[PDB]
């Protein structure tokens, strides 16, 4: 019921995958312990901290189903009694703490900047994730907490706001672990008990590199744009340094909440496996409720294939999504596979034309055309019986018709199940396309 944890990002224009994971882990812990998850924004430099960047953090987190209990909201709003939740609006507070330190002789002015008196003793950081970490701080020199230009350093800022916001657990990446002795020292120089720390090993690529900021696939928006599913991406985010003992990799966020524990986060670096993520998104693609998938698909479709919901044949669209969904892995694949279904022209290349629609192929399709137009109802079962019967009549295989049919109708060699595809398109569309292929 008690814990108070926070995610404290910098708005740069994108939400880094690792930043997303850190937000998730904090959100998971808060939800597991009936605690409170706070969002504060570190808006230091005016140049790179635009309102556009802020919207990305809001929308990316919401897209992942991650709310927050206190913090800023769009259009200049805020919720929470421990605000304001912007670093730029807390400068008076930073001074009060910094002046208090000077008054205690815990800090001193030197050449226009304030320097914290670093305790040069041994300090053990009892990290929940990394275990006890011995630091020898006898070498560590004093450091600036407020710079010559009057601005305040992260090392002081994060301690101040953890105090003011009554933060119980600080969950962040392991790139902060080396400075936690500085942060613990400040808490102690203020007579305030330091929070418990849980530092998460950094995510690495399979070849050992960090997911750098200008690399492809470093940002959450990129996967959204590529057609990834919210619940799937989030499920994979839980897999980055954590598991459920069953180690079945697919589980819903309710299970994740019920079982999440900081002491079960892996001590070794998580590896970002794009193939597993791709695979995971396919599992959700195929199995999620159709009416839940459809709104995503429309949104993917609006970036090209369909008009802004002036598409009048919704029923056909749902049919084409339903058949493509059981075989594709991402929104991008769906768009590729659904393209010929929606198109009026068909995109044929010469290699498929000489292999499938040659003279022998056309004659094969010419065998089917008269029966495809007589068949009623134009349904998956009856259409398959017609092709089976055709194959027997002509001493052919059903594949001899099936593949050429798909090529003639879509220009593609692979795609949704042939007989359902025939149904969804309908007799008129099927016959008109077969007619055009055979008699142009």
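Positions refer to the first chain, counted from 1.
Note on 115-123 vs 186-194: mean CA B-factor is higher in 115-123. Annotation for 215-223 versus 234-242: the higher mean temperature factor (C-alpha) is found in 215-223. Considering 158, 151, 268, 275 together, the PDB entry gives 151 the largest C-alpha B factor.
The maximum CA B-factor among the listed residues 107, 334, 167, 202, taken from the PDB record, is found at 107. When the CA B factors of the chain's modelled residues are split into thirds, the value for residue 2 lands in the highest one.
In the PDB entry, a CA B factor belonging to the middle third of its chain's modelled residues is recorded for residue 342.
The PDB entry assigns residue 62 a C-alpha temperature factor belonging to the lowest third of its chain's modelled residues.
In the deposited entry, the Cα temperature factor of residue 395 places it in the middle third of its chain's modelled residues.
When the modelled residues of the chain are ordered by C-alpha B-factor, residue 147 sits in the highest third.
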